[PDB]
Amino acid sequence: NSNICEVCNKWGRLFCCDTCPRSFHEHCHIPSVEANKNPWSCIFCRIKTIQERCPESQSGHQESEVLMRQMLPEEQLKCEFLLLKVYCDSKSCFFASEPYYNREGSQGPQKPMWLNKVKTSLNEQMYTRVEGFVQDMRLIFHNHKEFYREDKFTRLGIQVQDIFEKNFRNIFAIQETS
């Protein structure tokens, strides 16, 4: 197994996957690394199994159809994995915890949103469709762009949104377009 957390790239108290060489901090994995379960398989491995059990699940899909899917166990998992892929980027730090807004010439968003809030919402099964999760994720970046206006820091929102969107298209096998 790797000697650093796959998500945050630090050492520490790591739980090792049995079916791949990745390792995780307990609360870096999503869902949080399960208490017992020998062998244990990480979310990467669980996602690869879904694909292997249903090869056709990789054929292209329309985003509108994906969004309307109910959050059954496989879609729950896919959203957990997509959230984890965002946390994998170090620039996720800016969007992880609860923000506050006091900048001359700007007003804060009407509906603040942050990664840890989305993480709790997933854990608490608060989303009934994929659309709920995706809307909250895109709101994070939209709030950031609106608030920061012409400050160059707006780019951090563009950057992490691009990570989100590329991973969304991959995980949910969105049909490729120009």
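Counting begins at 1, following the sequence as shown.
Engineer: I need to verify one thing: averaged over C-alpha atoms only, is the B-factor higher for 118-126 or for 30-38?
Structural biologist: The deposited B-factors put 30-38 ahead on the C-alpha mean.
Engineer: If you take the mean CA temperature factor per stretch, which one wins between 167-175 and 4-12?
Structural biologist: For C-alpha atoms only, the mean B-factor is higher in 4-12.
Engineer: Going by the entry, which of 134, 113, 54, 68 has the most elevated CA B factor?
Structural biologist: So the option with the highest C-alpha B-factor is 54.
Engineer: Among 62, 143, 59, 49, where is the Cα temperature factor highest, going by the PDB entry?
Structural biologist: Most elevated C-alpha B-factor of the set, per the entry: 49.
Engineer: Going by the entry, which third of its chain does the Cα temperature factor of residue 152 land in?
Structural biologist: According to the entry, residue 152 has a C-alpha B-factor in the chain's middle third.
Engineer: Would you check the entry's CA temperature factor for residue 104 and let me know if it's in the chain's lowest, middle or highest third?
Structural biologist: Its C-alpha B-factor, which the entry lists for residue 104, ranks in the highest third among residues of this chain.
Engineer: Grab the CA temperature factor for residue 160 from the record and place it in the lowest, middle or highest third of its chain.
Structural biologist: According to the entry, residue 160 has a C-alpha B-factor in the chain's lowest third.
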